[PDB]
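Numbering (PDB author numbering), first residue to last: 0 to 132.
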């Protein structure tokens, strides 16, 4: 008695287990990894044949990024992690300006859909200038 060929997990992806097999019986256990974008949810990552007719398991890794704060006028938001919950993103005010507001920005989550705390800061010109006599 097998659980049937392992389905497709949109909330993960194969990591090993030579797919040269067809059955795995109960008690068996796969690997599976979590694509780039999942956050606070790490607690497991295995598919075991249960006594239901398929593979049971937890929702390890949960995809929930934060909407891009947008373009930093007179600046360059330090983005890279696609804004995955549980991250900090700095900023950078161009030459004739400096950073003010919060050089850091943490990715938070509220209810269900992630909830930014603060976006772009404030880029204001310095107190020194030589473009005019």
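We put the beta carbon where it would ideally sit given N, CA and C, even for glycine.
Could you give the C-beta distance for residue 64 and residue 81, rounded to a whole number, given that I count them as a contact under 8 Å? As a first step, residue 64 is located in the chain shown; it is residue number 65 there, counting from the start. As a first step, residue 81 is located in the chain shown; it is residue number 82 there, counting from the start. Contact between residue 64 and residue 81 is confirmed by a C-beta separation of about 5 Å, below the 8 Å threshold.
Residues sharing a beta bridge with residue 87, DSSP: In the chain shown, counting from the first residue as 1, residue 87 sits at position 88. Beta-bridge partners of residue 87 (DSSP): 105.
Is residue 26 near the ligand ADP, with its Cβ less than 6 Å from a heavy atom? Ligands are entirely absent from the displayed structure, and the ligand ADP is therefore not among its contents.
Relative to the alpha-carbon of residue 99, which residue among 16, 117, 59, 86 has its alpha-carbon at the smallest distance? For the purposes of this step, residue 99 is taken as the residue at position 100 of the chain shown. Taking residue 99 as reference, the option from 16, 117, 59, 86 with the minimal CA-CA separation is 117.
Is residue 43 closer than 7 Å to residue 57 when the C-beta atoms are compared? In the chain shown, the residue the question calls residue 57 occupies position 58. In the chain shown, the residue the question calls residue 43 occupies position 44. Their beta carbons are under 7 Å apart, which means residue 57 touches residue 43 by this criterion.
Take every Cβ of the stretch 14-31, pair it with every Cβ of the stretch 71-78, and state whether three or more of those distances are shorter than 8 Å. By the C-beta criterion, the stretch 14-31 is judged not to be in contact with the stretch 71-78, since fewer than 3 inter-stretch pairs fall below 8 Å.
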